[PDB]
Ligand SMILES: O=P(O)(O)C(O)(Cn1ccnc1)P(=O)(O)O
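In structure tokens, one chain follows: the form deposited without the named molecule.
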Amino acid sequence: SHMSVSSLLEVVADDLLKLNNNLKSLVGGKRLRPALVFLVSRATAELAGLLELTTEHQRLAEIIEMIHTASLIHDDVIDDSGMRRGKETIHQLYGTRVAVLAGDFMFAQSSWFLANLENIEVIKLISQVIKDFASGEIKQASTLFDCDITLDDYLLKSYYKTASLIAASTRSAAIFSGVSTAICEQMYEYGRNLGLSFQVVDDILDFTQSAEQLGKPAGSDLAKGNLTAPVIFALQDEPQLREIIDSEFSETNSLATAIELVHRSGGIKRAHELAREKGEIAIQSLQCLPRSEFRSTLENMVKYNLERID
């Protein structure tokens, strides 16, 4: 459902099971983003001398996931441009008005929650994430099938898409704990580099799953012209790959060829390394924190993400 009330219920239930788990190990996706907020909140709260999470920490986890979920809802809206007739019909058929209103309300409820936490630094940080998301998503169609994309441009795109919200959420959790600016910056870098690692791994998985399904991989990133880390690395070595993409896989079975050129090029292995390198930056970001079950879980999130392609 597109429901704020359902979202908040599921986040509180997921956070309860996570909290109770972490209590049992003391000193030993809709869930990732609130979990990261909760873990960073707990680690930094203990450093600041707080005896429990503040109301600001608890609402932050709901604010972040509401932004994430509203983003998906709005990104999913159909492009009706060009139709001379029957737009009201296609919007009825796909529930466009409901998606727009649900996304609008969820964004607004999130921003209203955040404003009422009264930390202007966090409001600035999160507002910027939303602007960059919307602006980035407007330009995304114009970058499909463009082999002139660089690796730095891909990482920036993945930042605005994914990593920026996660980095803003871990910095904000530290800000609400009142730890030093230096520690808030490190939590920001944890979130940013975990987010990039997470996105590169998701891009690797989309490719390697694509290359094993039995039908034509028609809905893969590569097929739609969304060129990710394995492909970009491959394009450095594969002149026929580039020509094939520029053709939008016009020729019968060219998509299959493109996929095998990518697997050929070792760019998958170089994408592995890139995701591993961002992960190790994320882990290094946590060492300003003392040993705790919360730091060990934040470190393990990186390793468990990387094991997804191991």
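Between two forms, the rigid core is defined as the largest C-alpha subset superposing within 1.5 Å. We number the residues from 1 along the sequence you see.
The same protein also exists as the form deposited with the named molecule bound; that form is not shown, yet it is the one meant from here on.
Between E212, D79, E118, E88, only one gets a heavy atom within 4.5 angstroms of the named molecule in the entry with it bound; which residue is that?
Only one listed residue qualifies here, and that residue is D79.
Work out which of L151, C147, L72, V98 lies within 4.5 Å of the named molecule in the entry with it bound, going by heavy atoms.
Contact residue from the list: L72.
Can you tell me if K161 lies within 4.5 angstroms of the named molecule in the entry with it bound, counting non-hydrogen atoms only?
Looking in the entry with it bound, residue contacts with the named molecule include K161, since a heavy atom lies within 4.5 Å.
Is there a heavy atom of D202 lying 4.5 Å or less from a heavy atom of the named molecule in the entry with it bound?
Although the named molecule is absent here, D202 would touch it in the entry with it bound, with heavy atoms inside 4.5 Å.
Using a 4.5 Å heavy atom cut-off, state whether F133 contacts the named molecule in the entry with it bound.
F133: yes, in contact with the named molecule in the entry with it bound.
Given that the named molecule is not shown alongside this chain, does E238 nevertheless sit within 4.5 Å of it in the entry with it bound, heavy atom to heavy atom?
Because no heavy atom of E238 falls inside 4.5 Å of the named molecule in the entry with it bound, the answer is no.
Given a 4.5 Å cut-off on heavy atoms, tell me which of 213 to 221, 229 to 237, 175 to 183, 88 to 96 is the interface stretch with the named molecule in the entry with it bound.
Among the candidates, contact is made by 213 to 221.
Shifts of 2 Å or more in the Cα, rigid core superposed between this form and the one not shown, apply to only one of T150, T181, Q209, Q240; name it.
Meeting the 2 Å or more criterion is only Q209.
Does the distance between the two CA positions of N22 reach 2 Å or more between this form and the one not shown, the core being superposed?
It does, since the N22 C-alpha is displaced 2 Å or more between this form and the one not shown after the core fit.
Verify the C-alpha shift of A102 between this form and the one not shown: is it 2 Å or more after superposing the core?
Comparing forms between this form and the one not shown, the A102 CA shifts at least 2 Å.
Taking the rigid core as reference, does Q140 move its C-alpha 2 Å or further between this form and the one not shown?
For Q140, whose C-alpha is compared between this form and the one not shown after core superposition, the shift is 2 Å or more.
Quick one: in the entry with it bound, is the Cα gap between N21 and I63 smaller or bigger than here? Answer closer or farther; it shifts by 3 Å or more.
Between the C-alphas of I63 and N21, the gap narrows in the entry with it bound (3 Å or more compared with this form).
With a C-alpha distance change of 3 Å or more, do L214 and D246 lie closer or farther in the entry with it bound?
Compared with this form, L214 and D246 lie farther apart in the entry with it bound.
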